[PDB]
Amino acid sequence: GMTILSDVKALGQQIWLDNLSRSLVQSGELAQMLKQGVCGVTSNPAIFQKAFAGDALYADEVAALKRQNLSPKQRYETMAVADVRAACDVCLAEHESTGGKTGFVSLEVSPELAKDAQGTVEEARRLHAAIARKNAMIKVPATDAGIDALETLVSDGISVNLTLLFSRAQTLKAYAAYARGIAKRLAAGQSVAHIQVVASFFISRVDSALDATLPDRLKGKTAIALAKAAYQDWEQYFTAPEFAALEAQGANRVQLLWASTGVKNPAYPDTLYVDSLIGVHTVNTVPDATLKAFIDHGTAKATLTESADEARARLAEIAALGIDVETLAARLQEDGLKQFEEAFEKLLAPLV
């Protein structure tokens, strides 16, 4: 039942909604969710493509914007920024209640900037200012350029959702860039206590890539094992003396956020990823149908750190089979960028 969301909060995990639309906010539904245990919202270009295509409340907004001399991209941005600012206003009470630790809404920069660090910084700073809310996160793909941009944006005091992570190595590079940005601010006497970063580590896409060719005992296990190992890496990085010296001065840890947690293979229970990845100081962003399923028949238990030995053994067998999870991660990130660009082009076409 609904109280499962508050049970998961007590285990130290926030559950965010992986959807946004004009009607979600305008109907009052998002406000009611933020009382029932939902703690934030994520978007991406595919989410907006589907929302713009199916939500009746955009029609008048598009007609109004087609009366102005605007590029399709600025029509999209005006719509999306308006949705994000309205959602931020709904989530502000939650955000302020925890000292700025919850109640975030994420907006992703244009996919075409993913390999352009400077362009990404420029757009992220601009979208941060355009939204004009303290609880907005700018979402940046974790390419090498995005990790460059992360350091700069953190040093600028901007909260960031670093996305399309599939690699433990790349995630550790992101933590190091975050720490460099934090150290910069502390050296300059600037505040850090309100800077929040999440590392959105994708789940289902790993199993989708591998399962058809894996042995029995590994089907449906790799993505969870990879996340469990990533969380162990997280514990080790953020408790080390180097980060402790920053946390003592007010720095916040990055938090892992499990994304792509809707189950895509009907051979697995629909709550598999949410049920399996609950641990302290994490987030899980879930699509509506998965949120529904978890409320109905999910289980709140601290599963993320259970059986870490088996996760390690499974990843060792994945390597034994010749699957290089770092090569896979790079491909999956590339493929995700191509897919997001496809979705973005699809949504822009009706805005011409």
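The first residue of the sequence shown is number 1, and the count goes up from there.
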query: 108-116 or 184-192, whichever carries the higher mean Cα B-factor; finding: 184-192
query: Residue range whose averaged C-alpha B-factor is higher in the record, 307-315 or 39-47; finding: 307-315
query: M33 - Cα temperature factor, lowest/middle/highest third of chain; finding: middle
query: Modelled-residue ranking by C-alpha temperature factor, third containing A82; finding: highest
query: Lowest, middle or highest third - CA B-factor, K301; finding: middle
query: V325 CA temperature factor, ranked by third within the chain; finding: middle
query: Position of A289 among the chain's modelled residues by C-alpha B-factor, lowest, middle or highest third; finding: middle
